[PDB]
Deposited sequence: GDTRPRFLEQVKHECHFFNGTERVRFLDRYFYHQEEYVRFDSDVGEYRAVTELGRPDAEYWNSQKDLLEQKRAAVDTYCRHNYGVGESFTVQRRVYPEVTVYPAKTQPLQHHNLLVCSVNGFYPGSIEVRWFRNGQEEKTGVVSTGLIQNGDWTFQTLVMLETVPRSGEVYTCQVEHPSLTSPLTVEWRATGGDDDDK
């Protein structure tokens, strides 16, 4: 296809801090990956972010009941949808699965959710910060995550190495030893 493509995008975003105690609502309209008009609950009205959206910002802000409706969106939309899915979104907990191999020894924790994780090493009684390389957090796209911590620190005479993983779904640290 020689044909040129034209893309419209709109995103209604709900930002939550300390649960539903502090909510911010954003109504965002995009054209060719370039926002042009936006409503912000902190601002309280539609505003053009580019000149391309100024006819919308003035037209929409003048509509009967528009402002009232958008000012109420933090309660009727964001807080509403937050509580509808709270059981399996904010409260989802899947514990990790750890395995340690060498290739340099690697500890890999998979199938965990949410994303916040802390994994540490111990060579052996004390954690050794040197020689650690972290893969970063990997999003599996199926509501699980991955991570490998590759460790360049050759163990020697019966050295017991333990990858310690700390996830919000468990009450005490998860420890496995090599």
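Unmodelled regions of the deposited chain, listed from N- to C-terminal end, are 1, 105-113, 189-198.
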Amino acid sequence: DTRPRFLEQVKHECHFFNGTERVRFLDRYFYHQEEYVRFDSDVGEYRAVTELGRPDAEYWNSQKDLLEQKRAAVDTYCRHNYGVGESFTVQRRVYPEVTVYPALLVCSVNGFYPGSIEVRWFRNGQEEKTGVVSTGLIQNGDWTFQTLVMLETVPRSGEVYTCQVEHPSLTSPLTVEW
From here on, numbers count along this sequence of modelled residues.
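Higher average CA B factor: 149-157, of the stretches 149-157 and 112-120. The mean C-alpha temperature factor is higher for 125-133 when 47-55 and 125-133 are set side by side. Within the group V94, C78, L105, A72, the record's highest C-alpha temperature factor is found at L105. Taking the deposited Cα B-factors for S169, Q9, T20, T162, the highest one is held by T162. When the modelled residues of the chain are ordered by C-alpha B-factor, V100 sits in the highest third.
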